[PDB]
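Worksheet: one structure, shown below.
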Amino acid sequence: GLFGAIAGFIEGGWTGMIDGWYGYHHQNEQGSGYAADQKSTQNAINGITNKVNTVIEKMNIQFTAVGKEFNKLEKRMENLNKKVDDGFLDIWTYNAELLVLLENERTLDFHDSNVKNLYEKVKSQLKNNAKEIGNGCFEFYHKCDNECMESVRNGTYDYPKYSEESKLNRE
Amino acid sequence: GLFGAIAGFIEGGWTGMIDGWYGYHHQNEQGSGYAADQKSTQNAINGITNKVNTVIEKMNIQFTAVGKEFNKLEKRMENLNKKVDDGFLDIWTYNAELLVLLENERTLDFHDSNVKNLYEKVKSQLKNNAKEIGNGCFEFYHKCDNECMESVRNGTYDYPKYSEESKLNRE
Amino acid sequence: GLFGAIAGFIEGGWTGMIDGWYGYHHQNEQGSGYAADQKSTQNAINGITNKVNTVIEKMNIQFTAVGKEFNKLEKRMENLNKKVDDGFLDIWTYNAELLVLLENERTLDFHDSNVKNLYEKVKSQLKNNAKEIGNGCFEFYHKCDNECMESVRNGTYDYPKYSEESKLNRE
Amino acid sequence: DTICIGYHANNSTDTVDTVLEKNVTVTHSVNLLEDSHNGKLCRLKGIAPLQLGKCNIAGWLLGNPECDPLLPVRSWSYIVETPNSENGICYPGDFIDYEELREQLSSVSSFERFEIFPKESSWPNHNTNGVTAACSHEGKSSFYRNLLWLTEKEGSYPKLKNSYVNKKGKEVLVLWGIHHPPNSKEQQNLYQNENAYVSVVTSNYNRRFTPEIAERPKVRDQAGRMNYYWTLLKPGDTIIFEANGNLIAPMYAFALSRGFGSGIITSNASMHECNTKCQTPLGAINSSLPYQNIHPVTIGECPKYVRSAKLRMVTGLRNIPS
Amino acid sequence: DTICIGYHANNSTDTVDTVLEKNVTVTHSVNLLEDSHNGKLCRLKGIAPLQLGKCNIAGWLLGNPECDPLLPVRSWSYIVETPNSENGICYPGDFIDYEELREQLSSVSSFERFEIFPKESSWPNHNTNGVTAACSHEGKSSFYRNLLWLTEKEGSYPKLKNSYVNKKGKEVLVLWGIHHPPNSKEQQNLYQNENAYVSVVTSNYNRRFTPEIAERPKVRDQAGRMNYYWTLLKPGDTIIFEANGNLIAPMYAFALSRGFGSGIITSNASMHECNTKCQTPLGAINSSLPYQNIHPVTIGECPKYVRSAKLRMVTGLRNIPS
Amino acid sequence: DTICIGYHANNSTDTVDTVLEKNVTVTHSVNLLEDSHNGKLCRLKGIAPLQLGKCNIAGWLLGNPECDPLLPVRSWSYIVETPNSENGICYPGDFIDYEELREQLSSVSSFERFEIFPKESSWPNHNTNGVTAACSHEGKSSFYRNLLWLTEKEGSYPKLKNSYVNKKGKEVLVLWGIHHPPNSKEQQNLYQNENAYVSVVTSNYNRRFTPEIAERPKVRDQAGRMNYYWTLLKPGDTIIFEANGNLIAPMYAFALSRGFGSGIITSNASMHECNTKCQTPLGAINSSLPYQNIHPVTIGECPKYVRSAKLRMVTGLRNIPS
Amino acid sequence: XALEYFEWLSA
Amino acid sequence: XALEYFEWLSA
Amino acid sequence: XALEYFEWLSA
Ligand SMILES: *[C@@H]1O[C@H](CO)[C@@H](O[C@@H]2O[C@H](CO)[C@@H](O)[C@H](O)[C@H]2NC(C)=O)[C@H](O)[C@H]1NC(C)=O
Ligand SMILES: *[C@@H]1O[C@H](CO)[C@@H](O[C@@H]2O[C@H](CO)[C@@H](O)[C@H](O)[C@H]2NC(C)=O)[C@H](O)[C@H]1NC(C)=O
Ligand SMILES: *[C@@H]1O[C@H](CO)[C@@H](O[C@@H]2O[C@H](CO)[C@@H](O)[C@H](O)[C@H]2NC(C)=O)[C@H](O)[C@H]1NC(C)=O
Ligand SMILES: *[C@@H]1O[C@H](CO)[C@@H](O[C@@H]2O[C@H](CO)[C@@H](O)[C@H](O)[C@H]2NC(C)=O)[C@H](O)[C@H]1NC(C)=O
Ligand SMILES: *[C@@H]1O[C@H](CO)[C@@H](O[C@@H]2O[C@H](CO)[C@@H](O)[C@H](O)[C@H]2NC(C)=O)[C@H](O)[C@H]1NC(C)=O
Ligand SMILES: *[C@@H]1O[C@H](CO)[C@@H](O[C@@H]2O[C@H](CO)[C@@H](O)[C@H](O)[C@H]2NC(C)=O)[C@H](O)[C@H]1NC(C)=O
Ligand SMILES: *[C@@H]1O[C@H](CO)[C@@H](O)[C@H](O)[C@H]1NC(C)=O
Ligand SMILES: *[C@@H]1O[C@H](CO)[C@@H](O)[C@H](O)[C@H]1NC(C)=O
Ligand SMILES: *[C@@H]1O[C@H](CO)[C@@H](O)[C@H](O)[C@H]1NC(C)=O
Ligand SMILES: *[C@@H]1O[C@H](CO)[C@@H](O)[C@H](O)[C@H]1NC(C)=O
Ligand SMILES: *[C@@H]1O[C@H](CO)[C@@H](O)[C@H](O)[C@H]1NC(C)=O
Ligand SMILES: *[C@@H]1O[C@H](CO)[C@@H](O)[C@H](O)[C@H]1NC(C)=O
Ligand SMILES: *[C@@H]1O[C@H](CO)[C@@H](O)[C@H](O)[C@H]1NC(C)=O
Ligand SMILES: *[C@@H]1O[C@H](CO)[C@@H](O)[C@H](O)[C@H]1NC(C)=O
Ligand SMILES: *[C@@H]1O[C@H](CO)[C@@H](O)[C@H](O)[C@H]1NC(C)=O
């Protein structure tokens, strides 16, 4: 990717997570599991939806366009009509293909961006109360049940609450 | 944003700062205030100016173009002329709208980029002599008057000068 | 740049490195030297090659297209033919110039991205066993011969191997 | 205790191209290019097309006998000509401004066929029984259904002058013909005047026709020629025919109504009991996609035709099941 | 002690669309789409347009009496026709190659009206007093100002042959007419020769005209017709008229000068004392913007016309007063 | 001990433009715009062009004597006309449907010149020796090489009727002419019939020509005119000429073969012993680039013409030797 | 059109 | 054109 | 075409 996230320091995706585009995998004493971040996912969905809708809307309805006929003494007009049709065709194929390419690139990089942004948000939430063990995973300096994990997921982690215990286990 | 800065970890903008696009807000014993970073701002201004100038220049002057007339036995030529005009119109509307969309997106992401870059530059300047308290703000491990803040603004912070005191207050 | 790397916190490039686009400069007891990262370089080469190949392929071969002639009573058809030719010309010049501009921007930002990504990968490899001295350079908390540098280059650094010595020199 | 940030993956094998990389597998994608049609000629917005069958436009308008006669009144959404029309102009000659007449027909949505100059009743003292083998039907020599070959009656061809007043409240397509014998012998035998002329006038139409006698290469076993002419008679206006020979008089004419989004296409497919909003010579398109690679020729509300074979836009992420 | 990095915000309510998100509020933006005009016909680069008023091009060139006579010499930047021109061809007939003549006029920047064949002086032994009610003016029957109806004089129409040599140093537009009586009676009464002909020749122009007599549907109370012809007489060249009847002779002709960036438009607006570099049928555009949605028809140096209603480009940031 | 991550730099002075910044120096870049040609007329895919030299298309087809005679059989890839062709229509008049004939020639790849109506052998009882000073060659009065001026023989011009059957297996371009004397005196002196006519017919061609006598402005010292006509005689078809005067008969005709990717260009350059896949009026292009700014007029497989002066795409990085 | 890739998404 | 959004900007 | 900027690159 462009932001180095997808197929980067997070080499693979989670087929186990089938309810979101981005998300989390928690592992504690109560068990382990996947859970999507609905905010950024809904955001991405909205953005890309508007993108596709745009590309579709920018193409006006192509109304009736039929060929004409010409006699043996109107070869020039015939050739001109052909040149017009062919030119317009060239241009529109060009535009379509190019647009799709550019938009695809931008989309991929957009997803990369969102993933990295999520990672950075979580990281800034946790600070030095955990350590980055690579692969986009954090290891806690303390115990964390399902309620704690939930507090992290929906953007409400409490740093002073675990700062002391984490400071202890950090040594 | 794409770089997660604007409307990200810096949720809002400063209406108090009316002399720049990006900038600073300092708070110390001598008082508090806003002050723009003229370098990156001038850079952004130049870039975007060149962008707009480009979009304007790429459109050649549309010279005189009037409709023609045709008699009752020249319906084919009339229809062809109409097809030409309409086709060109379609294409140009398409191009204009698309171009403006793409450029707007790229511009927003550009500003995001500049803000995050400024933040990273400041952060790399300060290192461990201060702590990131979120919202794109740093808290000093020492005293800093207006001259110090100015030394930070124009990219000339002195790390060994405050490393000891900061190391003390860090404990 | 957009990612703040090239002409950013790495102000200049290395003319001494002539065997790659991105790379390294190692400095130890055995000596100093440059060495390119072949992975990301090959990747960039492939991507940009495919980009150029695309831009070339999207332009179909312009086959035979000659002017026509018209008598003094066919001024309208003459003018129409001229309008068609000129319109198509306008459109194609517009498209060419625009495409080249956009692609150039995207390319520059792509290189920026790759450089920063390499830097981040190395940084995440080293962790706290070294310190960031700016200019995209790291200073070791331990001794490192050519074999160690090679272990860093091809993405196989050993953190627990030097964690103790680094922890000592860190104090 | 650990927590991880990751992204979606699934069994999608969808592939998309980018500027940097071709053939990227992704989790979600949409296809913008319609490539499917039903191979059927269909109704367009509830209105059936006008199929000419064995006839082409000329053969239909002139009234070629080898084609099965249509209803006196028809409405359509588009006109269909078969590629292999052996039935058209059956008596050799030139259909003047034929293509322009086709272009006129491209915006016609309805016709009423009606008898403008009744057979025995409009041309007294002239024979109206002339036929030819070039216009054969069921073996017997015949002639165009909408035209009438006026010949000499009892050794004389009196100067005829008849007129029609358009009280149909619509444009009326009127067609007529000029016969050109190969020699002055046949000229005298058919029209008794070596210096004949035909005159057709309206408020805005004004044309005079003169026979051109010369031996010509046989075409459909005919050394003679026949030029076909037409005009659109505006509502309320009058057309006047005045000739002393060589006139192939109008018998039937067409009341025309104008419409939108119609056209003429050449197609092999057959009419089926179906309805569509987009029709191509290959079949109907039922799609909301912006692009199509089925055919450049379209009737109705269709996607823009392109030469592309693939236009797939990625919505999901790069799919990595690793 | 603390320091913070942040970005600009203000009371801007400017909205822009992106590919990902519609209607984004931003701090700074430019409008690239001109949508404002002054509703006035203006001078283009200091040069006033040529307004024809009650006349259209044909009515002007032929010299229709119901239109107020222009100056003998005029220069313009563009020609303006009113939508409701009841004054044009006042004697029924066809203006041959009319549209082509308009196209020629689209690149003409100046005309000098001059008497090519003086009334009483060029056609001896012919009557030059003919008029008609189809070309009425102030109640009385009249005729085209630039043409002359030559009729029989004293029971005879001698073969006339006159010529003009173009010593103007510019192209000269010459117009003439051919009269077509409804019957041979009026033919004899007007030109005394049932087999008349008109001949017009130049170095590159060569045409012969023959009267076509037939009763026609009345148009503007006339069963007769009149065909109008024109030609561009090159500098130094000679035009020769040679006729024995049915000629509507030229009296006035036009010396033409060629220019650039001119054209013909149909407009309702009135001329005002103003100047512009871009003119539309709706009014003048004063703008440096690349796009406009005012009108597709333009004269001068104008922005490219588009169908868009909004083309706003963002320069500032996403505005968040929070 | 230290390690550093950095990027490439070199002595490249290549400059590229972006949307944000103009004139950026970079390490690697490709040029997509071809601006170089060899200033030579070359063979296209191994096939040499057809150079007309002093002649234009008309002068060649009619067979103007001032131009050096070509081989009876030629094949080409494109036709070249010189800008300064003083040799074309040497006897004043109109080449009817000339431009259309050029357009036909644009898809012709080969011609065989052959004698369709042999000089002394096809027109008995007619003089075939007529010449003129308008068609001079080496001082002496002459005439078109491919046409024959039939005049009266022994005070009489018998009605001629000759025909040719196309057994060439290819389309045959046949050209002929109609002479128009300035007065009835010369008319009688040349063709002995004041009421003459020419008749040309094929299976699909059918035209009658009548002399138009009037004094005309001298052009190339001629008060008379000559109209030139042509037709494409389909394989197996027959053309019949039947005239009693004023016919400029065909002597030579052309068997034509059709091809692809040909055309007519106007060029100054000279033929050299070279080969190319793309030809412009300025010279040949040897390039694999998608764009070119050399010329809009192209023959063969060429890059798309643009108005740009620079289309450089960056592949390397921003070059900073600092 | 709607991108119904997940069920909780809003329509 | 110039983007005069701030006064210190250069023209 | 190939971008031969470096020799080890593959073709
Ligand atoms: C976000 O997470 C916080 C922590 O889990 C949630 O706080 C819990 O909310 C429930 C309501 O179902 C309360 O009954 C629990 O007692 C709360 N836990 C705590 C820490 O008291 C919060 O509800 C979640 N929702 C949002 C949108 O913040
Ligand atoms: C950048 O900031 C440094 C620190 O404020 C400035 O250094 C001061 O410059 C003034 C000149 O007005 C001197 O008189 C002060 O004594 C300097 N302070 C120090 C630390 O000595 C510097 O001038 C600023 N300008 C630039 C462009 O660096
Ligand atoms: C990457 O670097 C590691 C460390 O230098 C390399 O490991 C060495 O490989 C050589 C083979 O030439 C062995 O003989 C050395 O003994 C290895 N060193 C160690 C640490 O044992 C490795 O070969 C390199 N290559 C790749 C692709 O990883
Ligand atoms: C396009 O991508 C597809 C999908 O990866 C490639 O098809 C793979 O083809 C290989 C060779 O046959 C098979 O081993 C894989 O199993 C296929 N993958 C799937 C999921 O079907 C294909 O090779 C690519 N084409 C090009 C030219 O890039
Ligand atoms: C486009 O954005 C404007 C600006 O935010 C929206 O207008 C707001 O409209 C709401 C509903 O009337 C008002 O409460 C706000 O006060 C308006 N804002 C301003 C600053 O005027 C508008 O709703 C948006 N339109 C669409 C369709 O997205
Ligand atoms: C485009 O960039 C080139 C390359 O930097 C500029 O040329 C430089 O020109 C200056 C002034 O003459 C010289 O001092 C430098 O030595 C040139 N550089 C090189 C490497 O040749 C040029 O000025 C730029 N043009 C514009 C208008 O931006
Ligand atoms: C993908 O897997 C789903 C089951 O979740 C199955 O229904 C579908 O057919 C599969 N599609 C492909 C293309 O493998
Ligand atoms: C329909 O016509 C096409 C030619 O356009 C021909 O290839 C095809 O065989 C025909 N098919 C049928 C079913 O008639
Ligand atoms: C056209 O496609 C839509 C989408 O499935 C479907 O609802 C509709 O039934 C189709 N119409 C016909 C007539 O096939
Ligand atoms: C914005 O505020 C300024 C005062 O700084 C005022 O002059 C201007 O009218 C305001 N514009 C809008 C659109 O609110
Ligand atoms: C101008 O003409 C238009 C028709 O084009 C008509 O709608 C409008 O009423 C007219 N306005 C004036 C002021 O004459
Ligand atoms: C056109 O607009 C410019 C920009 O304000 C102004 O300077 C000029 O006066 C205007 N010209 C006229 C004639 O209105
Ligand atoms: C760049 O330097 C190389 C030597 O490595 C030299 O061969 C080449 O000519 C130089 N090119 C330019 C443009 O300076
Ligand atoms: C070729 O012709 C051009 C005009 O098109 C003229 O400018 C040039 O002088 C000529 N050059 C030669 C060598 O004949
Ligand atoms: C055309 O250019 C290619 C690229 O150098 C070269 O190989 C070839 O020889 C050139 N052909 C001619 C005929 O000049």
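Numbering starts fresh at 1 for the residues of each chain in the structure tokens, the chains themselves are lettered A, B, ... in the order given, and ligands are numbered from 1 as they appear.
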Could you name the residues that touch residue 6 in chain G at 12 Å or less, counting only C-alpha atoms, but leaving out those on the same chain fewer than 6 positions away, as an NGL selection string? (:A and (17-22 or 36 or 38 or 41-42 or 45)) or (:D and (8 or 28 or 316))
Output of the above residues as a PDB file, in the first residue's frame, restricted to N, CA and C atoms:
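Now in result.pdb:
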```
ATOM      1  N   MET A  17     -13.013 -12.284  10.453  1.00  0.00           N
ATOM      2  CA  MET A  17     -13.849 -11.096  10.583  1.00  0.00           C
ATOM      3  C   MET A  17     -14.672 -10.890   9.317  1.00  0.00           C
ATOM      4  N   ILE A  18     -15.970 -11.161   9.409  1.00  0.00           N
ATOM      5  CA  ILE A  18     -16.849 -11.109   8.247  1.00  0.00           C
ATOM      6  C   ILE A  18     -17.976 -10.101   8.442  1.00  0.00           C
ATOM      7  N   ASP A  19     -17.817  -9.222   9.426  1.00  0.00           N
ATOM      8  CA  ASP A  19     -18.844  -8.233   9.726  1.00  0.00           C
ATOM      9  C   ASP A  19     -18.302  -6.810   9.653  1.00  0.00           C
ATOM     10  N   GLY A  20     -17.179  -6.636   8.966  1.00  0.00           N
ATOM     11  CA  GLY A  20     -16.587  -5.321   8.814  1.00  0.00           C
ATOM     12  C   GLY A  20     -15.383  -5.307   7.894  1.00  0.00           C
ATOM     13  N   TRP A  21     -14.970  -4.109   7.494  1.00  0.00           N
ATOM     14  CA  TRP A  21     -13.794  -3.937   6.648  1.00  0.00           C
ATOM     15  C   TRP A  21     -12.540  -3.797   7.501  1.00  0.00           C
ATOM     16  N   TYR A  22     -12.633  -2.976   8.540  1.00  0.00           N
ATOM     17  CA  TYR A  22     -11.568  -2.857   9.526  1.00  0.00           C
ATOM     18  C   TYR A  22     -12.101  -3.353  10.862  1.00  0.00           C
ATOM     19  N   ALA A  36     -15.580  -5.686  14.596  1.00  0.00           N
ATOM     20  CA  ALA A  36     -15.313  -4.583  13.676  1.00  0.00           C
ATOM     21  C   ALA A  36     -15.531  -3.198  14.290  1.00  0.00           C
ATOM     22  N   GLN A  38     -17.178  -0.019  13.763  1.00  0.00           N
ATOM     23  CA  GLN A  38     -18.299   0.402  12.925  1.00  0.00           C
ATOM     24  C   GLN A  38     -18.186   1.833  12.401  1.00  0.00           C
ATOM     25  N   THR A  41     -15.669   2.053   9.382  1.00  0.00           N
ATOM     26  CA  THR A  41     -16.243   1.190   8.357  1.00  0.00           C
ATOM     27  C   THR A  41     -17.427   1.864   7.678  1.00  0.00           C
ATOM     28  N   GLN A  42     -18.323   2.428   8.483  1.00  0.00           N
ATOM     29  CA  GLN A  42     -19.464   3.163   7.951  1.00  0.00           C
ATOM     30  C   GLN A  42     -18.988   4.359   7.135  1.00  0.00           C
ATOM     31  N   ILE A  45     -17.656   3.076   3.802  1.00  0.00           N
ATOM     32  CA  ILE A  45     -18.830   2.688   3.026  1.00  0.00           C
ATOM     33  C   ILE A  45     -19.505   3.905   2.396  1.00  0.00           C
TER      34      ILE A  45
ATOM     35  N   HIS D   8     -10.482  -6.818   6.654  1.00  0.00           N
ATOM     36  CA  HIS D   8     -11.330  -7.877   6.120  1.00  0.00           C
ATOM     37  C   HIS D   8     -10.629  -8.741   5.075  1.00  0.00           C
ATOM     38  N   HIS D  28     -14.280  -6.665  -2.509  1.00  0.00           N
ATOM     39  CA  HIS D  28     -15.545  -6.176  -3.042  1.00  0.00           C
ATOM     40  C   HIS D  28     -15.316  -5.298  -4.266  1.00  0.00           C
ATOM     41  N   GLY D 316     -13.968  -2.806  -2.242  1.00  0.00           N
ATOM     42  CA  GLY D 316     -13.379  -3.419  -1.066  1.00  0.00           C
ATOM     43  C   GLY D 316     -11.877  -3.231  -0.976  1.00  0.00           C
TER      44      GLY D 316
END
```
Please, which residues of chain E lie no more than 12 Å from chain D when the count uses only C-alpha atoms, and can they be set out as a compact mmCIF listing (two decimals) with C-alpha atoms, in the first residue's frame?
```txt
# COMPACT_ATOMS: atom_id res chain seq x y z
CA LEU E 20 -15.71 10.78 -1.67
CA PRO E 92 -43.05 33.67 -52.93
CA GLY E 93 -40.24 31.45 -54.17
CA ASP E 94 -36.92 29.79 -53.41
CA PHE E 95 -33.70 31.50 -52.38
CA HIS E 180 -42.29 32.27 -63.13
CA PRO E 182 -48.74 30.87 -63.55
CA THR E 210 -35.72 28.69 -68.13
CA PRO E 211 -39.25 29.80 -67.11
CA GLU E 212 -41.47 27.03 -65.75
CA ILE E 213 -45.13 27.77 -66.37
CA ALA E 214 -47.84 26.06 -64.31
CA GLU E 215 -50.74 27.04 -62.06
CA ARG E 216 -49.63 26.96 -58.43
CA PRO E 217 -51.27 27.18 -54.99
CA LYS E 218 -51.51 30.84 -54.01
CA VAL E 219 -48.83 32.01 -51.58
CA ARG E 220 -49.12 35.59 -50.34
CA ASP E 221 -51.91 35.86 -52.94
CA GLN E 222 -49.59 34.87 -55.79
CA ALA E 223 -49.89 31.94 -58.18
CA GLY E 224 -46.57 32.97 -59.68
CA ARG E 225 -43.14 32.26 -58.25
CA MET E 226 -39.79 34.02 -58.12
CA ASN E 227 -36.45 32.27 -57.65
```
Write as an NGL selection string the residues around ligand 10, taking 8 Å as the cut-off and counting only C-alpha atoms and all ligand atoms. :E and (10-14)
Surrounding residues as a PDB file with N, CA, C and O atoms, in the first residue's frame, ligand 12, max 7 Å, only C-alpha atoms and all ligand atoms:
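And here's result_7.pdb as it stands now:
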```
ATOM      1  N   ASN E 275     -19.462  48.053 -24.094  1.00  0.00           N
ATOM      2  CA  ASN E 275     -18.488  47.297 -24.866  1.00  0.00           C
ATOM      3  C   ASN E 275     -18.090  46.015 -24.150  1.00  0.00           C
ATOM      4  O   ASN E 275     -17.970  45.988 -22.925  1.00  0.00           O
ATOM      5  N   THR E 276     -17.886  44.952 -24.918  1.00  0.00           N
ATOM      6  CA  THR E 276     -17.514  43.669 -24.341  1.00  0.00           C
ATOM      7  C   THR E 276     -16.558  42.891 -25.237  1.00  0.00           C
ATOM      8  O   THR E 276     -16.339  43.247 -26.395  1.00  0.00           O
ATOM      9  N   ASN E 286     -18.620  39.402 -19.091  1.00  0.00           N
ATOM     10  CA  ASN E 286     -17.363  40.015 -18.691  1.00  0.00           C
ATOM     11  C   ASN E 286     -16.695  39.153 -17.632  1.00  0.00           C
ATOM     12  O   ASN E 286     -16.988  39.277 -16.445  1.00  0.00           O
ATOM     13  N   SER E 287     -15.793  38.278 -18.066  1.00  0.00           N
ATOM     14  CA  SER E 287     -15.241  37.269 -17.172  1.00  0.00           C
ATOM     15  C   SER E 287     -13.886  36.735 -17.619  1.00  0.00           C
ATOM     16  O   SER E 287     -13.546  36.753 -18.801  1.00  0.00           O
TER      17      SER E 287
END
```
Need to verify the contact set: residue 100 in chain E, 7 Å, only C-alpha atoms, exclusion of same-chain residues closer than 6 positions in sequence. Can you return it as a short mmCIF file (atom, residue, chain, number, x, y, z; two decimals) with N, CA and C atoms, in the first residue's frame?
```cif
data_model
loop_
_atom_site.label_atom_id
_atom_site.label_comp_id
_atom_site.auth_asym_id
_atom_site.auth_seq_id
_atom_site.Cartn_x
_atom_site.Cartn_y
_atom_site.Cartn_z
N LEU C 73 -19.38 26.39 -52.82
CA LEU C 73 -20.76 26.28 -52.36
C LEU C 73 -20.93 25.23 -51.27
N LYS C 75 -19.23 25.64 -48.10
CA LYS C 75 -18.55 26.30 -46.99
C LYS C 75 -18.99 25.77 -45.63
N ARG C 76 -20.27 25.45 -45.51
CA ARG C 76 -20.82 24.91 -44.26
C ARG C 76 -20.21 23.55 -43.89
#
```
Taking only C-alpha atoms and all ligand atoms into account, which residues are within 12 Å of ligand 9, as a PyMOL selection string? chain D and resi 34+36-38+40+42-46+273-278+284-289
Let me see if you get this right: every residue at most 8 Å from ligand 8, counting only C-alpha atoms and all ligand atoms, written as a PDB file with N, CA, C and O atoms, in the first residue's frame.
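Written output follows (selection-v1.pdb):
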```pdb
ATOM      1  N   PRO D  83     -31.280  -7.432 -43.192  1.00  0.00           N
ATOM      2  CA  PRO D  83     -30.041  -7.260 -43.965  1.00  0.00           C
ATOM      3  C   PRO D  83     -30.191  -7.669 -45.429  1.00  0.00           C
ATOM      4  O   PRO D  83     -29.659  -7.009 -46.321  1.00  0.00           O
ATOM      5  N   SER D 267     -31.372  -5.549 -38.463  1.00  0.00           N
ATOM      6  CA  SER D 267     -31.250  -6.612 -37.475  1.00  0.00           C
ATOM      7  C   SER D 267     -31.699  -7.973 -37.984  1.00  0.00           C
ATOM      8  O   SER D 267     -32.572  -8.074 -38.847  1.00  0.00           O
ATOM      9  N   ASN D 268     -31.093  -9.017 -37.428  1.00  0.00           N
ATOM     10  CA  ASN D 268     -31.451 -10.393 -37.747  1.00  0.00           C
ATOM     11  C   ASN D 268     -32.493 -10.967 -36.800  1.00  0.00           C
ATOM     12  O   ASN D 268     -33.242 -11.873 -37.166  1.00  0.00           O
ATOM     13  N   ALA D 269     -32.531 -10.442 -35.581  1.00  0.00           N
ATOM     14  CA  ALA D 269     -33.327 -11.030 -34.514  1.00  0.00           C
ATOM     15  C   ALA D 269     -34.821 -10.953 -34.815  1.00  0.00           C
ATOM     16  O   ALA D 269     -35.261 -10.185 -35.673  1.00  0.00           O
TER      17      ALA D 269
END
```
Given 8 Å and only C-alpha atoms and all ligand atoms, residues near ligand 6 as an MDAnalysis selection string: chainID F and resid 13:15 22:25
Using only C-alpha atoms, select each residue of chain B with any atom at most 10 Å away from an atom of chain A, and give the selection as a PyMOL selection string. chain B and resi 1-5+8-9+76-77+79-81+83-84+87-88+90-91+93-95+97-98+101-102+132-134
Print the selection's residues with C-alpha atoms to a file, as a CSV table (one decimal), in the first residue's frame.
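What landed in again.csv:
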```csv
chain,number,residue,atom,x,y,z
B,1,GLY,CA,-8.7,13.3,6.2
B,2,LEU,CA,-6.4,10.9,4.6
B,3,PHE,CA,-3.4,11.5,6.9
B,4,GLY,CA,-5.7,11.4,9.9
B,5,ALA,CA,-4.8,15.0,11.0
B,8,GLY,CA,-8.9,13.6,13.1
B,9,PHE,CA,-6.7,13.8,16.2
B,76,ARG,CA,-28.8,14.6,-42.3
B,77,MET,CA,-26.2,17.3,-42.2
B,79,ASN,CA,-28.5,16.2,-37.4
B,80,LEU,CA,-24.7,15.6,-37.9
B,81,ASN,CA,-23.9,19.1,-36.8
B,83,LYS,CA,-24.5,15.4,-32.9
B,84,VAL,CA,-21.0,17.0,-33.1
B,87,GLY,CA,-21.0,15.3,-28.2
B,88,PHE,CA,-18.4,18.0,-27.6
B,90,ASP,CA,-21.0,16.2,-23.2
B,91,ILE,CA,-17.3,15.6,-23.2
B,93,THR,CA,-19.0,19.0,-19.1
B,94,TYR,CA,-17.7,15.5,-18.1
B,95,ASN,CA,-14.1,16.7,-18.1
B,97,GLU,CA,-16.8,18.2,-13.4
B,98,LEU,CA,-14.4,15.3,-13.0
B,101,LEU,CA,-13.8,16.7,-8.1
B,102,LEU,CA,-10.4,15.0,-8.3
B,132,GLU,CA,2.3,14.4,23.7
B,133,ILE,CA,-0.9,15.2,25.6
B,134,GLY,CA,-3.1,14.6,22.5
```
For residue 136 in chain B, work out the shell of residues within 8 Å, counting only C-alpha atoms and skipping chain neighbours fewer than 6 positions away, then give it as a list in words. residues 9, 10 and 119 of chain B; 4, 5 and 6 of chain E
Give as an MDAnalysis selection string every residue of chain A that touches chain E within 6 Å, counting only C-alpha atoms. chainID A and resid 47 50:51
Convert the current residue selection to file output with C-alpha atoms, as a PDB file, in the first residue's frame.
```pdb
ATOM      1  CA  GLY A  47     -17.346   7.625   0.897  1.00  0.00           C
ATOM      2  CA  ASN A  50     -20.660   8.388  -3.040  1.00  0.00           C
ATOM      3  CA  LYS A  51     -17.698   7.722  -5.330  1.00  0.00           C
TER       4      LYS A  51
END
```
